[PDB]
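# Summary of the model geometry
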Amino acid sequence: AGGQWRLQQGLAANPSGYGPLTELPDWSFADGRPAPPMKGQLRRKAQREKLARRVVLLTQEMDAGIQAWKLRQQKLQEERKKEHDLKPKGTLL
Amino acid sequence: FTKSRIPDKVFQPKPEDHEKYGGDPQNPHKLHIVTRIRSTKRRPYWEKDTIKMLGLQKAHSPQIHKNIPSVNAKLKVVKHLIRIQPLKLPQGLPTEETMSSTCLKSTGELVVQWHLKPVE
Amino acid sequence: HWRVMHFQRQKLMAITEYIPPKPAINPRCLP
Amino acid sequence: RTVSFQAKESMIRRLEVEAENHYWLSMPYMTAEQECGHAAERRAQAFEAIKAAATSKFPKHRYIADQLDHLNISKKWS
RNA sequence: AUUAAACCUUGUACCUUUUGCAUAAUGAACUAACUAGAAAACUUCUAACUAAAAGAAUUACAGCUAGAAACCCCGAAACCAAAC
RNA sequence: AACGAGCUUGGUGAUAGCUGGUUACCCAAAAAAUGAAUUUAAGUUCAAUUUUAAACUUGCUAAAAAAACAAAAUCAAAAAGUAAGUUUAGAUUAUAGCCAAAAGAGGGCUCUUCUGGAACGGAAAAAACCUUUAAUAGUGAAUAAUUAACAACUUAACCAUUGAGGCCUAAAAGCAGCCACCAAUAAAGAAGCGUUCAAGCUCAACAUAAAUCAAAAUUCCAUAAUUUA
RNA sequence: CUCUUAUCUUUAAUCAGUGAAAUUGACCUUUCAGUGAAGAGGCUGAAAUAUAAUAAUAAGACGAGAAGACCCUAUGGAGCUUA
RNA sequence: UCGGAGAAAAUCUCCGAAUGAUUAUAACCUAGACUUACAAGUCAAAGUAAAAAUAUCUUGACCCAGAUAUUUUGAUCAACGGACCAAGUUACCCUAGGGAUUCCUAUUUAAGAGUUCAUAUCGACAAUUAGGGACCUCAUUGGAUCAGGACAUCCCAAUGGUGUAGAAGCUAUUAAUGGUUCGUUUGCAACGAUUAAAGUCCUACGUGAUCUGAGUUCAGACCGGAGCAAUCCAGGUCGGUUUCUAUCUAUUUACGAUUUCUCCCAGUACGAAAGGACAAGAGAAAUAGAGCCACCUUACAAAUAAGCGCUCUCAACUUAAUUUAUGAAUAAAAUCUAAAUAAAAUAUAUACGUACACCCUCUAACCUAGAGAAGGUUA
Ligand code: FES
Ligand SMILES: [Mg+2]
Ligand SMILES: [Mg+2]
Ligand SMILES: [Mg+2]
Ligand SMILES: [Mg+2]
Ligand SMILES: [Mg+2]
Ligand SMILES: [Mg+2]
Ligand SMILES: [Mg+2]
Ligand SMILES: [Mg+2]
Ligand SMILES: [Mg+2]
Ligand SMILES: [Mg+2]
Ligand SMILES: [Mg+2]
Ligand SMILES: [Mg+2]
Ligand SMILES: [Mg+2]
Ligand SMILES: [Mg+2]
Ligand SMILES: [Mg+2]
Ligand SMILES: [Mg+2]
Ligand SMILES: [Mg+2]
Ligand SMILES: [Mg+2]
Ligand SMILES: [Mg+2]
Ligand SMILES: [Mg+2]
Ligand SMILES: [Mg+2]
Ligand SMILES: [Mg+2]
Ligand SMILES: [Mg+2]
Ligand SMILES: [Mg+2]
Ligand SMILES: [Mg+2]
Ligand SMILES: [Mg+2]
Ligand SMILES: [Mg+2]
Ligand SMILES: [Mg+2]
Ligand SMILES: [Mg+2]
Ligand SMILES: [Mg+2]
Ligand SMILES: [Mg+2]
């Protein structure tokens with residue numbers, strides 16, 4: 001229950017998704033020393049980092065491909081407006 | 001039963017469509033968020049292949065893809081088995097410092113600062 | 001004779017049925 | 001044989017999601033011509049990785065320490 | 001599972017066979033014992049020596065020598081020879 | 001004491017393309033029933049598939065224009081999404097499917113081609129329909145499909161006026177039959193029908209008032225239920 | 001036979017002694033409708049239901065047996081006849 | 001076996017070839033390809049050589065035998081990937097296996113029939129998403145016993161209509177109540193005499209561990225017809241062996257009646273006569289069910305059991321077709337009402353009755369109680 005409502009509030013549909021309840025550490029030592037990170041959290045972070053790097057890589061490749069395309073199109077323009085040698089006329093040329 | 005070619009009119013939006021989904025016909029988004037939400041079992045083999053090519057073997061796990069025609073061409077093949085959502089970057093693209101602090105929201109936003117604290 | 005239609009096909013017909021517009025007030029009751 | 005209320009509602013939901021898929025697929029960031037070659041480098045090096053693994057197959061090194069270590073099985077307290 | 005053996009819940013015996021299905025169909029009263037994959041032409045793996053290898057006879061334009069690695073059980077109606 | 005040809009021993013562990021059986025664990029991959037020849041269709045050999053190892057380089061999808069017939073199977077530069085593919089060496093098994101859906105061909109069935117399937121969930125029970133990426137412990141959670149569904153549109157009570165219009169059946173009356181398609185009027189042509197034909201029972205007028213569809217054979221077979229957002 | 005009846009003996013049944021046979025996956029072995037290949041004690045949904053014997057019937061367990069019948073197959077046989 | 005044409009590449013629709021004549025005589029060699037499981041089969045640049053470019057048109061392996069002086073030739077091997085050379089028959093049979101064991105009828109329509117008059121009784125064209133049944137050839141079902149069920153009703157019962165005067169009939173609705181005979185010739189029918197009627201179907205011929213006749217269908221034997229014979233025929237005929245001790249399930253202790261005829265009403269109502277009713281009422285039987293033994297009969301040449309003897313059998317709260325009364329929608333002095341109401345009216349049935357009802361000693365004997373056990377009786 002409540003999956004659709006949670007999505008509207010910006011939360012994950014399943015309470016076990018991204019949120020304080022799951023991601024926050026489940027315990028710490030009585031001394032206050034932090035506990036070793038949970039294996040699930042470390043794995044989930046690694047996937048998230050991998051997802052971000054793909055986002056950067058794809059954006060950079062597309063943007064470059066756009067900029068590089070412009071430069072090529074410019075060259076074709078200038079190449080067209082090329083003149084050489086001379087233009088004699090008349091009964092002798 | 002054979003592969004079908006969808007008429008081009010299907011992918012030409014209408015003015016009200018822009019209003020409903022809130023996407024500007026100019027400044028189009030760059031990256032897709034694609035998730036498989038149906039099974040490839042009982043589907044023709046070509047649909048099975050495109051799903052593997054796009055990386056959507058596991059369901060309900062999002063994959064990022066380029067919003068370019070060649071990628072789009074494959075996505076149109078499996079339009080019925082997936083959900084496409086435009087990736088949003090409220091705080092900009094992640095940098096080296098923020099690479100380890102990202103989180104993809106259900107809304108389609110990749111936030112680069114993830115604190116797990118009350119907004120306050 | 002009728003030939004049975006696949007469930008999925010029958011489901012499509014069920015969802016594509018014509019829906020007529022309904023008036024707020026019947027014309028008869030109005031002046 | 002009529003079609004349930006569950007069955008007709010759920011399909012319409014799927015149709016609406018697919019309807020949105022139509023819209024988001026209508027706004028390509030790059031045109032076809034602009035697309036050419038923007039990812040040539042990555043595709044080239046990727047295959048070079050495939051070839052490198054394929055042609056690197058070879059037997060494994062053999063060591064004396066492995067063979068002579070079997071003698072440790074008869075180690076004792078003198 | 002349970003506080004509780006049984007009540008409540010879930011669950012169409014097995015092998016072969018059909019077809020990749022049976023509510024088909026074959027076989028099984030049960031216990032103990034006995035009861036059915038065997039060979040090195042080529043290939044692969046491990047070593048010895050190497051333009052040569054092998055303890056005679058053989059092979060050889062990196063080969064040759066040695067080791068390792070393999071291919072079931074039960075069942076007719078019949079046929080023939082010699083006795084009875 | 002089983003004679004279409006006795007019995008016993010040996011040949012002999014006869015042969016059987018046929019029936020049956022073929023004994024520990026775990027990991028992995030995995031076809032077919034397409035094609036071809038066969039005294040061959042209860043078999044086998046080859047192709048094709050699959051597989052293991054090895055060598056090195058392009059493969060899959062998609063693929064414009066343009067071509068070969070034509071408004072998608074061949075073919076198929078650049079790309080892009082992706083990780084496979086060709087050759088070398090070795091090797092069996094397999095060669096009879098099943099059901100749903102789609103297009104044809106013969107003529108309901110039966111051939112041919114294309115697609116999918118083989119739940120532990122749902123459809124009642126349910127190999128073949130729908131939902132379902134593998135398989136693990138947990139007294140956590142979000143979800144998918146989900147045998148159920150809400151007959152259909154005006155008489156009211158009234159009034160009906162000739163020379164039988166002729167002619168084929170004496171003569172044929174709104175009116176036997178056929179053709180004119182008829183008479184004044186506030187208002188009426190002759191509608192059923194009556195009549196040998198006219199008997200006339202009296203429709204429309206005048207004259208008064210309102211007015212086409214959409215959930216048979218053993219013994220019925222869950223129980224029930226019209227409204228709480 | 002209509003239309004069966006009575007009596008006696010055999011068998012039966014009870015007591016004593018002796019003591020087989022085919023058969024048998026396991027059984028804590030129900031009725032109705034459905035589903036299914038003509039098909040259900042065992043599946044689906046209803047229903048019924050203290051537990052064990054003794055003596056009877058034969059609807060069912062496609063009840064059990066025999067070297068029975070029927071069609072087809074094998075590059076399996078055999079008897080007989082010939083042109 | 002291969003080739004040509006269509007279907008259009010899976011099986012179907014058609015024609016041809018196992019060559020033929022013409023000829024310029026058409027060489028050798030060698031890149032790259034087609035086709036193809038293998039095998040066989042296609043096309044061909046360049047070079048060389050002959051000549052002075054050209055072959056035009058429309059198919060069988062290996063082995064083994066030959067012929068010439070290297071060169072060549074041998075298949076309706078046509079079952080056409082071809083065994084060097086072999087046919088019938090078996091019901092005397094065997095083994096290894098695989099299988100199986102148009103015409104109704106109900107609806108809709110209505111030209112024409114019915115003197116007149118569509119629908120009293122019927123009925124063309126059709127309509128039902130409607131229910132059942134190469135020239136020749138051809139093969140499970142009766143009976144007995146006991147029956148369960150459907151209703152699409154044969155009789156019995158309640159009704160509508162009529163070309164229903166009465167009596168006989170016809171048609172339709174409702175109803176599954178109990179019943180629905182005995183023989184002859186028969187192998188499927190064919191008849192006789194009766195009846196209120198002698199229904200139509202389903203249950204694996206309903207039912208062979210209940211029984212029985214055929215047939216499938218054989219070992220013997222004849223005719224007729226085939227074949228040289230053995231043998232054979234879906235042609236005749238006569239003869240001709242299937243057994244079972246029940247393990248499981250299931251089952252084995254009441255009922256409250258059907259039909260027919262005669263008498264009466266009454267030879268009346270009706271009807272010209274002929275002929276001839278209904279309801280109401282009384283009495284006889286037949287069959288079924290449940291019992292009994294005074295008589296009769298048959299037995300035990302017993303104190304008993306039987307039928308061929310005797311007796312007894314009934315109530316309906318609850319409905320269907322149909323018919324009335326009151327009365328709205330609907331100005332009626334209408335309308336039986338999937339309006340509110342009041343009644344009558346088949347077959348069914350269990351509301352309502354009858355039966356049962358007791359907690360029960362038992363050494364033993366006896367018993368009209370009984371397989372055992374149970375049960376009854378005991379100055
Ligand atoms: S809605 Fe009833 S007449 Fe106006
Ligand atoms: Mg069988
Ligand atoms: Mg032999
Ligand atoms: Mg053998
Ligand atoms: Mg064989
Ligand atoms: Mg195929
Ligand atoms: Mg051939
Ligand atoms: Mg041959
Ligand atoms: Mg390419
Ligand atoms: Mg004894
Ligand atoms: Mg029991
Ligand atoms: Mg049943
Ligand atoms: Mg049950
Ligand atoms: Mg006993
Ligand atoms: Mg029995
Ligand atoms: Mg054969
Ligand atoms: Mg032979
Ligand atoms: Mg070849
Ligand atoms: Mg040349
Ligand atoms: Mg042959
Ligand atoms: Mg051949
Ligand atoms: Mg004989
Ligand atoms: Mg009966
Ligand atoms: Mg009836
Ligand atoms: Mg029987
Ligand atoms: Mg018996
Ligand atoms: Mg004889
Ligand atoms: Mg006889
Ligand atoms: Mg005799
Ligand atoms: Mg005989
Ligand atoms: Mg018994
Ligand atoms: Mg009377």
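Cut-off values and rules
- Residues numbered from 1 in each chain as written, not as in the entry; some residues may be left out.
- Chains lettered and ligands numbered in written order.
- Part of a larger assembly, values for the part shown.
- Heavy atoms only, no water.
- Axes fitted to C-alpha atoms, helices over the stretch in contact; angles between N-to-C directions.
- Helix = DSSP H or I, 4+ residues; strand = E, 2+ residues; numbered from the N terminus.
- Parallel < 35°, antiparallel > 145°, perpendicular 65-115°, else oblique.
- Left-handed = near helix turned anticlockwise from the far one by under 90°.
- Contact = heavy atoms within 4.5 Å.
- Nonpolar A, V, L, I, M, F, W, Y, C, P; charged D, E, K, R; others polar.
- Patch = residues over 30% accessible without salt bridge, like charges linked within 9 Å, V, L, I, M, F, W, Y side chains within 5 Å.
- Areas by Shrake-Rupley, 256 points an atom, 1.4 Å probe, with all protein chains shown as cover.
- Salt bridge = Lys/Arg side-chain N within 4 Å of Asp/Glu carboxyl O.
- Buried < 20%, exposed > 50% of the residue type's maximum accessible area, 1.4 Å probe, protein only.
- Buried area = accessible area lost by both parts, 1.4 Å probe.
- 1 Å grid on protein atoms, 1.4 Å probe; cavity = no way out; pocket = protein on both sides within 12 Å on 5 of 7 lines; lining within 4 Å.
- Points joined across faces, edges and corners; volume = space filled by probe spheres on them.

For this deposited structure, the header cites cryo-EM as the method used and 2.85 Å as the resolution.

Our focus in this paragraph is the packing of helix 2 (residues 45-54) of chain B against helix 3 (residues 69-77) of chain B. Residue and element names in this part refer to chain B. For the pair helix 2 and helix 3, interaxial distance at closest approach is 9 Å and the crossing angle is 135°. As far as their axial angle goes, helix 3 and helix 2 are oblique. Seen from above, helix 2 lies across helix 3 with left-handed handedness. Every residue of helix 3 that contacts helix 2 at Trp-46, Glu-47, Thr-50, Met-53 and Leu-54 is listed here: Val-71, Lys-74, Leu-75 and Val-77. Residue composition of the contact of helix 2 with helix 3, grouped by class: six nonpolar, one polar and two charged.

Bringing a nonpolar patch on the surface into the picture now. Residue and element names in this part refer to chain D. Together, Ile-64, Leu-68 and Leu-71 make up a nonpolar patch on the protein surface, roughly 350 Å² of accessible area in all. Residue placement: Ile-64 occurs in helix 4 (residues 64-69). Here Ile-64 falls in the exposed class, since its relative accessible area comes to 60%.

Okay, the interface of chain C and chain D next. Listed as interface residues are six residues of chain C and, on the opposing side, six residues of chain D. When chain C packs against chain D, close to 690 Å² is buried across both sides, 72% of that on carbon and sulfur atoms. Taken together, chain C and chain D are joined by one salt bridge. Looking at the side of chain C that touches chain D residue by residue, the class counts come to three nonpolar, one polar and two charged.

The next thing to look at is the layout of surface pockets. Empty space within the largest pocket amounts to approximately 2,000 Å³. Every residue lining the largest pocket is counted, 41 residues in all, and those nearest its centre are B:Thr35, B:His60, B:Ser61, B:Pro62 and B:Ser106. The set of elements that each furnish at least two residues to the lining of the largest pocket consists of helix 1 (3-8) and helix 3 (39-80) of chain A, helix 1 (15-21), strand 1 (31-36), strand 3 (82-86) and strand 4 (103-104) of chain B together with helix 1 (5-24) of chain D. When its residues are assigned to classes, the lining of the largest pocket shows 14 nonpolar, 14 polar and 13 charged. Of the pockets and cavities examined, the second largest pocket occupies roughly 1,300 Å³. Residue lining of the second largest pocket: 35 residues in total, with B:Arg38, B:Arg43, B:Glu47, B:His80 and D:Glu18 positioned closest to the centre. Every element with two or more residues in the lining of the second largest pocket is listed here: helix 2 and helix 3 of chain B, helix 1 (7-15) of chain C together with helix 1 of chain D. By residue number, the principal contributor to the lining of the second largest pocket is helix 1 of chain D, which donates nine residues. Taken together, the residues of the lining of the second largest pocket sort by class into twelve nonpolar, ten polar and 13 charged.

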